[PDB]
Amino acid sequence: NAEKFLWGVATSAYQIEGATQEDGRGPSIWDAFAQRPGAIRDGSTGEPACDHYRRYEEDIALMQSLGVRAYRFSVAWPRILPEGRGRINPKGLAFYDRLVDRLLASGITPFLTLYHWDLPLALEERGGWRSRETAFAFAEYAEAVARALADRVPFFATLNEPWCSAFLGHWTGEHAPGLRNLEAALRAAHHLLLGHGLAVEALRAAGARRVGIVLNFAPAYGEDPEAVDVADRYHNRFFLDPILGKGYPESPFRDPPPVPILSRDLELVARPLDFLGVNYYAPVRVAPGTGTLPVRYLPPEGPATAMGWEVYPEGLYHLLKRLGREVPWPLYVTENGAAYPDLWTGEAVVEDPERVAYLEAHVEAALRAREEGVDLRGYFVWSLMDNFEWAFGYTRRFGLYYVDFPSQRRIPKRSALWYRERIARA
């Protein structure tokens, strides 16, 4: 390899597009979940988000203005196949086709996520990720998107953060579809991985040049080695070990329920990849506990963001060093960022010095791991702009650009100007 390092920003479809019931889009599990009282902190939904479905050209121009050279985005499955399987939605395919053309015209590498949490509701009605059939539906969807876009999109990631989809979506109930059942979560985890594995081969056969997956990591720390290892197996090895051909790690759970692993599934899951996407925000600090997951989480040692998430930039260094030893493929930091309070009152630049400091320190840590040998080929800020932050709605802002949601105005934060400088820095 001789490519220059890729400086990017990241978004996802439900979080920014709006047009939830336009141009043939079907409902996702998040559209339904956001109708439940108490599911979203501010009682909001993805409609209209950042109005990106209409405003994408402006958003690309913002990226170009910063010197961003890669854009990580997701395709909304229910905008392509509104019922998850069967019917195709031409206007949805046309939207992403045009988006890709416009990215290329602006010198920006598309970095495409197939699944970023917006499962078609029609599939959820049949068991969602708890049904093995959903994995096969996912691979068919992946194939369709590559058949349309792989001539121009170099990078396809199957899944974004399956740990969230499985455990937050099905064990804690904090994410769609809102289930609270460990067996359901373990079924979902397995069929997410199976869907990934099935999709790898479908994607390669359909011309996808670089195929990967995006995993989040929460490096674990604490006094007690056993508790730390339980947390590491749950947060960090649960999905990585299968993808590396190492099977599931020793279960982190007491008396776990059955998991529907069939003959040869793990071979599919471990199909070789071209890259691993690494998402990192914060470590976890743990003590022994008595629950089904036998750890207790401890509050941060020191500074934390508006999410209450510990600020620990050296954790990104150590994580990347570890992954470089363990993962035989190039790495991209596909999300890193911070939410601090921002409130626009008409200024030209929204001053966000705490976000700037977070980003500066995390980039330094990542680039230092890279200098020592880690094959880190890019870094993506989450996010380009403030957007719908899942169960927090519009109450938590991660953008380099502030979005005044009522008007859809984008206003640069100081961090946008910082990133422009950082990208160009000698």
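Residues carry their position along the shown sequence, with the first being 1.
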Would you determine, from the values in the PDB entry, which of 164-172 and 280-288 has the greater average C-alpha temperature factor?
-> 280-288
Taking the deposited Cα B-factors and averaging over 379-387 and over 39-47, the higher mean is found in 39-47
Between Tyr96, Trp117, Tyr317, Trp344, let me know which has the highest C-alpha B-factor in the entry?
-> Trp344
Candidate set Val269, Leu182, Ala220, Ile213 [ranked by C-alpha B-factor, highest] | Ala220
Compare the C-alpha B factor of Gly195 with those of the other modelled residues in its chain, then answer lowest, middle or highest third.
-> lowest
Looking at the entry's B-factor column for C-alpha atoms only, identify whether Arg237 ranks in the lowest, middle or highest third of its chain.
-> middle
Ranked C-alpha temperature factor of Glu351 among modelled chain residues, by third = middle
CA B-factor ranking of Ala105, expressed as a third of its chain = highest
Going by what the PDB entry lists, where does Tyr14 fall on CA B-factor within its chain: lowest, middle or highest third?
-> lowest
